[PDB]
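Taking it in order: structure first as structure tokens, then the write-up.
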Amino acid sequence: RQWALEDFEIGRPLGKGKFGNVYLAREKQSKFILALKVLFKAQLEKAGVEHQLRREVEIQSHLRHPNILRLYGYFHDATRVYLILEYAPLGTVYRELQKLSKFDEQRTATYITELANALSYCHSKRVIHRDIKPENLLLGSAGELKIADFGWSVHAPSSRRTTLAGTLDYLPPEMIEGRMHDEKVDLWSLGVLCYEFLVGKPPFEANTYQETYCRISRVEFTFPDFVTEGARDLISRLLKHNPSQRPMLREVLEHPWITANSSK
Amino acid sequence: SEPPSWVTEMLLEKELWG
Ligand SMILES: Nc1ncnc2c1ncn2[C@@H]1O[C@H](COP(=O)(O)OP(=O)(O)O)[C@@H](O)[C@H]1O
Ligand SMILES: *C(=O)CCNC(=O)[C@@H](*)CC(=O)O
Ligand SMILES: [Mg+2]
Ligand SMILES: [Mg+2]
Ligand code: NA
């Protein structure tokens, strides 16, 4: 109803956010296990990103899809805002990638399928996520991928967007150049993820931000030799400078590499 | 008001070595 901190038992930190930690929690009456995402009000106000939190709450609250992390509610006290989230027991894809170094083709294609299903649902609501990097992809109890952290998202029903957003390694040319952009930004990020999943490093990685920026703007990346011809085909189609040349999400879900390797 | 982290870092690089 009108949630408050006293309605939850608190446990260990699950991870560290920009504005506070995410804690394991339990709603007292139901005993149901959840996550409480904490944001410090003074931090938020100093950074001037209150609108990102408002969008996160306004957008993620209304999404209902098995591959999107649920946001159940929110509350605040004198110093903090709390978001009540679905708990993802198996952690981030980021940690899995660190542990395994790279994913085989079956695991990669299955994640891409789940990501494309989730993004299809988002884009049907005309929502753009814009920050789908591995530390924002969580894993449910059956190892299924869940898109989380909608603080960079936007509801873009008609107009194209111009906000500088997201995380450099995952952004397309039109977003790092601050040009107008649309839902095709998520298709580019999907190509970055597919490459990073198979290789272990995102394709434009460089030791300076300046070089990474230039590599992205000129689509300068190469494939290691173990990346198969089908994976190369998909990734190359997703990482097109021209947003309109990037495939539709239906075409990703139908790609012969995806259907031959995905278990989903 | 705060830009994405990468904007701040790339501006540092420019101020630091051009
Ligand atoms: N529902 C959740 N279940 C388990 N871990 C989570 C959950 N939400 C967040 N985390 C952990 O906390 C980290 C930060 O959460 P996130 O919502 O991405 O914060 P920020 O918006 O500051 O990036 C995630 O990378 C993950 O490690
Ligand atoms: C700051 O605006 C940096 C602009 N881009 C570069 O310096 C990239 C140059 C390159 O590596 O070719
Ligand atoms: Mg995050
Ligand atoms: Mg966030
Ligand atoms: Na890395």
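For ligands, and for the atoms within them, numbers begin at 1 and follow the listed sequence. Residue numbering restarts at 1 for every chain, and letters A, B, ... go by the order of the sequence lines.
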Compute the angle centred on the Mg ion (ligand 3) spanning OD2 of A:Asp149 and OD1 of A:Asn136, and express it rounded to 10 degrees.
90°

Answer yes or no: is there an ion pair linking A:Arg246 with A:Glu174, defined by an N-O contact shorter than 4.0 Å?
yes

Just distances here: any N/O of A:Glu211 and N/O of ligand 2 closer than 3.5 Å?
no

Does the gap between the ring centers of A:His76 and A:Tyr82 come in under 6.0 Å?
no

Taking only heavy atoms of B:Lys14 into account, list the atoms of ligand 2 that are under 4.0 Å away from them.
1 (C), 2 (O), 3 (C), 4 (C)

Tell me whether A:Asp131 has at least one N, O or S atom under 2.8 Å from the Mg ion (ligand 3).
no

For A:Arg218, the ligand 2 atoms whose distance to one of its heavy atoms is below 4.0 Å:
10 (C), 12 (O)

Ring of A:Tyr74, cation from A:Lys37 - is the NZ or CZ under 6.0 Å from the centre and inside 45° of the axis?
no

Can you sort out the partners of A:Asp104 under salt bridge (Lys or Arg N to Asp or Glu O under 4.0 Å), two or more places apart, ordered by chain and number?
none

Between A:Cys214, B:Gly18, A:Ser217, which one has a non-hydrogen atom sitting closest to atom 6 (C) of ligand 2?
A:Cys214

Less than 4.0 Å is my threshold; does some heavy atom of B:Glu13 fall inside it relative to ligand 2?
no

Could you tell me which residues satisfy ring pair (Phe, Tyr, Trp, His ring centres under 6.0 Å) with A:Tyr87, sequence neighbours excluded, listed by chain and number?
none

Flag for A:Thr228-A:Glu105: side-chain donor and acceptor within less than 3.5 Å:
yes

